[PDB]
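Some notes on the structure that comes next.
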Amino acid sequence: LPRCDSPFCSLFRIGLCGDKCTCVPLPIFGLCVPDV
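With the first letter of the sequence shown counted as 1, position 11 gets the number 13 in the numbering used here; the numbers rise by one all the way through.
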């Protein structure tokens, strides 16, 4: 599959990275993981 929706996101700002992948808990703007 193609790259995730967004490059990074915040622990609270999960909605941002919820189009193709899931937001990470890492408050350091971790890298979203591709949910297959």
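Ideal Cβ positions, reconstructed from N, Cα and C, are used throughout, including at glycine.
Of the choices the options, whose alpha-carbon is the least far from that of residue i?
i   : options            : result
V38 : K22, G32, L28, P27 : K22
Can you find the residues in the same chain that come closer than 6 Å, C-beta to C-beta, to residue i, ignoring five residues on each side of it along the sequence?
i   : result
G32 : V26
Cutting at 7 Å between CB atoms, please list the residues of its own chain near residue i, excluding the five before and the five after it.
i   : result
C19 : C6, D7, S8, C11, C25, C34
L13 : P27, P29
Which residues in the same chain have their Cβ closer than 8 Å to the Cβ of residue i, if we skip the five residues on either side of it in sequence?
i   : result
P36 : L3, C6, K22, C23
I16 : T24, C25
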